[PDB]
Protein chains: 4
Amino acid sequence: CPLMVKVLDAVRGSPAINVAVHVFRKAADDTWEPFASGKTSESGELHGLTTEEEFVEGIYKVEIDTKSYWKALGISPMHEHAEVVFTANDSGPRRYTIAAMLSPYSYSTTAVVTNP
Amino acid sequence: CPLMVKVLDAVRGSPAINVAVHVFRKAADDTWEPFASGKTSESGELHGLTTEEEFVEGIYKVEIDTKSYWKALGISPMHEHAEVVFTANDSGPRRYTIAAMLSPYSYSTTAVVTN
Amino acid sequence: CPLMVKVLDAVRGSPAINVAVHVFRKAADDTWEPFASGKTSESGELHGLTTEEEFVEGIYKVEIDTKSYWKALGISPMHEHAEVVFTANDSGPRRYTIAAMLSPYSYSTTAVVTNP
Amino acid sequence: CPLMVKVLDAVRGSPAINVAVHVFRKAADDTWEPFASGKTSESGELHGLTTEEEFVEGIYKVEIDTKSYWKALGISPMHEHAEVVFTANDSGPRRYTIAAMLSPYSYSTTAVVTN
Ligand SMILES: [Zn+2]
Ligand SMILES: [Zn+2]
Ligand SMILES: [Zn+2]
Ligand SMILES: [Zn+2]
Ligand SMILES: [Zn+2]
Ligand SMILES: [Zn+2]
Ligand SMILES: [Zn+2]
Ligand SMILES: [Zn+2]
Ligand SMILES: [Zn+2]
Ligand SMILES: [Zn+2]
Ligand SMILES: [Zn+2]
Ligand SMILES: [Zn+2]
Ligand SMILES: [Zn+2]
Ligand SMILES: [Zn+2]
Ligand SMILES: [Zn+2]
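Residues numbered from 1 in each chain as written, not as in the entry; some residues may be left out. Chains lettered and ligands numbered in written order. Heavy atoms only, no water.

This part covers the overall build of chain A. Within chain A, the secondary structure is distributed over 0 helices and 9 strands. Its helices and strands in sequence order give chain A the pattern β-β-β-β-β-β-β-β-β, from N to C terminus. Taking 13 Å as the expected radius of gyration for a compact globule of 116 residues, we find that chain A reaches 14 Å, a close match to that expectation. Taken along the three principal axes of its C-alpha coordinates, chain A extends 45 × 30 × 20 Å. Here chain A holds 116 residues, and 53% of them are scored as buried. Look at the contacts in chain A between residues 6 or more apart in sequence, and 58% of them connect residues 24 or more apart. Carbon and sulfur atoms provide 50% of the accessible area of chain A, an area that totals close to 4900 Å². Taking the average location of the 10 positive side-chain charges in chain A and that of its 15 negative ones, the two points are 8 Å from each other. (Helix = DSSP H or I, 4+ residues; strand = E, 2+ residues; numbered from the N terminus. Rg over C-alpha atoms; globule rule 2.2 N^0.38 Å. Buried < 20%, exposed > 50% of the residue type's maximum accessible area, 1.4 Å probe, protein only. Contact = heavy atoms within 4.5 Å. Areas by Shrake-Rupley, 256 points an atom, 1.4 Å probe, with all protein chains shown as cover. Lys, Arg positive; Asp, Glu negative; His and termini not counted. Charge placed at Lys NZ, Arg CZ, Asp CG, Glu CD.)

All names here are of chain B. Taken together, 4 strands build an open sheet; the order of strands is β4-β3-β6-β7 and the sheet is antiparallel. The open sheet has two free edges, formed respectively by β4 (32-39) and β7 (81-88), since each of these has just one partner strand. Each strand of the sheet is rotated relative to its neighbour by a mean of 20°, with strand direction disregarded. Pairing of strand β3 (residues 20-26) with strand β6 (residues 58-65) involves 5 bridges; the strand directions are antiparallel. Bridged to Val-21 within β6 is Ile-64. (Pairing = 2+ DSSP bridges. Axes fitted to C-alpha atoms, helices over the stretch in contact; angles between N-to-C directions.)

With that settled, the discussion passes to the coordination of the zinc ion (ligand 6). Around the zinc ion (ligand 6), the donor atoms from the protein are B:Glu53 (O) and B:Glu53 (OE), and they sit 2.1 Å away. Along the chain, the position of B:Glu53 falls in the loop between β5 (45-46) and β6. (Donors = N, O, S within 2.8 Å, 3.2 Å for Na, K, Ca; no water.)

Next up on the list: the environment of C:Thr50. All names here are of chain C. Position of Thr-50 relative to the elements: it lies in the loop between β5 (45-46) and β6 (58-65). With a relative accessible area of 10%, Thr-50 lands in the buried category. If near-sequence neighbours (up to four positions away) are discounted, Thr-50 is found in contact with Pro-2, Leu-3, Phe-35 and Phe-55. Within the structure, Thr-50 has its side chain in polar contact with the side chain of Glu-54 (distance 2.9 Å). (Polar contact = N/O pair within 3.5 Å; in protein donor to acceptor, adjacent residues only side chain to side chain.)

Here the focus is the UniProt feature "binding site: L-thyroxine" in chain B. Per the UniProt annotation, the sites labelled "binding site: L-thyroxine" are B:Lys6, B:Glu45 and B:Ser108. Mapping B:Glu45 onto the fold places it in strand β5. In this structure, B:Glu45 is in contact with B:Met4, B:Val5, B:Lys6, B:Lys39 and B:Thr40, ignoring residues within four places of it in sequence. Side chain to side chain, B:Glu45 and B:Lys6 meet in a polar contact 3.2 Å long. By the element assignment, B:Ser108 lies in strand β9 (residues 106-114). Using a relative accessible area of 6% as the deciding quantity, one classes B:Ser108 as buried. Beyond its immediate stretch of four places on either side in the chain, B:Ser108 contacts A:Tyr107, A:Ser108, B:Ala99, B:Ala100, B:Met101, C:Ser108 and D:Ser108. A polar contact is formed between the side chain of B:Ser108 and the side chain of A:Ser108, at a distance of 3.0 Å. (UniProt positions renumbered as here; feature names shortened; annotations may be inferred.)

With that settled, the discussion passes to the interface of chain D and chain C. The partner chain C presents 17 residues to the 17 residues of chain D that form the contact. Among the residues chain D hides against chain C, the three largest losses belong to D:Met78, D:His79 and D:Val85. Together they make up 29% of the total. Here chain D and chain C share 0 salt bridges between them. The tally of links between chain D and chain C comes to 14 residue pairs in polar contact. Contributions of two or more residues to the side of chain D that touches chain C are made by β7 (81-88) and β9 (106-114) of chain D. Considering every element that reaches the side of chain D that touches chain C, the biggest residue donor is β9(D), with 7 residues. (Buried area = accessible area lost by both parts, 1.4 Å probe. Salt bridge = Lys/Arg side-chain N within 4 Å of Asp/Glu carboxyl O.)

Structure follows, in structure tokens:
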């Protein structure tokens, strides 16, 4: 996959499963244009989002739905999404894994970028 | 402070000092409206961004400029900013510290919400 | 303080308050010698652990008690402590703030080292 | 694998490849007894460390060698190792992935426990 997203639940020590992910690309008018979406698998991963030929150099935003994810805990999170913005392919095509460790009021987002 | 931003440099083990921070609020048309701005202090902290008159419930973005912060390392980072979006005051007036521990290809963040 | 420890609760979005912290220094027999301890304040901070005189060059471990912190939560954490080992003052005195953002199955430990 | 270790480099945005990992288990006299070891693969993963016959409930330390890892950075890190301690299996036989996301003066780690 040129772009894969992987989500892990730091509170329970598990992959975050069946979580909705939206990816946007910044367009010329500076709006975020929908680019791809899906739900994470059993392993927390969302594969098959895009193709090389769609994944052009640009600025992309990944939004992971968190509003309801934390409900059985009893906690409403800092925001309805966990978000990270990254710049892609600005030095030639690369593959990206965006890995997110999530808690209600903290997370990390790491971009693992490899030369295909 | 209703909103304070603290930025640490995870590569060097130091506050991120004199880094430009921009705060925006999501507007009615779904664009980011400029809300506040400043540079971090010697301690990595940015105080005095807003007041309760102005900081109503809504969706805010903290954007920290990182494009050249890394330059001396020799690393171009994953993006020219580090961001965090949070929803405020969804249940009354609450002081927020947004803490960001930054590296070029990973960053953590915390929202600490009190009072 | 030459050494300060600050603990944030990533699940609730708060300082972690009244949490016990232990600090050890690695002795010559390669056991961990007790060095200082305390409980964090309302800001999640623990000040006054040591003095410059006592805080000699060495390898230190900070252990933050987590076992029951996460009980009201309904979660057993990955370990009874969150722990961070660091090497101190090996290029002259420095002051250290050890900052931990904690969730039951993830945490981040950052050493902020400043030279007076 | 009953236990897998994955190591990412947050400074460069890459798996941490060919890094040495030791795993210890706390012994009866409170010292760390060597338990397993290996080097991460090109994906930053270390498989095959143990089996259920050997991986009983207890306290384990995963130690990743970092002293010279960011020497090319020009950075001496916060300690020559990055270390995570976890209590294993404490409720029956689980599979554990220990994921470490490293910078010289910070890291983010995580135990993913599945059944
Ligand atoms: Zn894939
Ligand atoms: Zn959604
Ligand atoms: Zn959002
Ligand atoms: Zn303030
Ligand atoms: Zn700017
Ligand atoms: Zn007003
Ligand atoms: Zn940006
Ligand atoms: Zn102090
Ligand atoms: Zn002295
Ligand atoms: Zn204790
Ligand atoms: Zn322990
Ligand atoms: Zn395996
Ligand atoms: Zn070794
Ligand atoms: Zn056996
Ligand atoms: Zn060590």
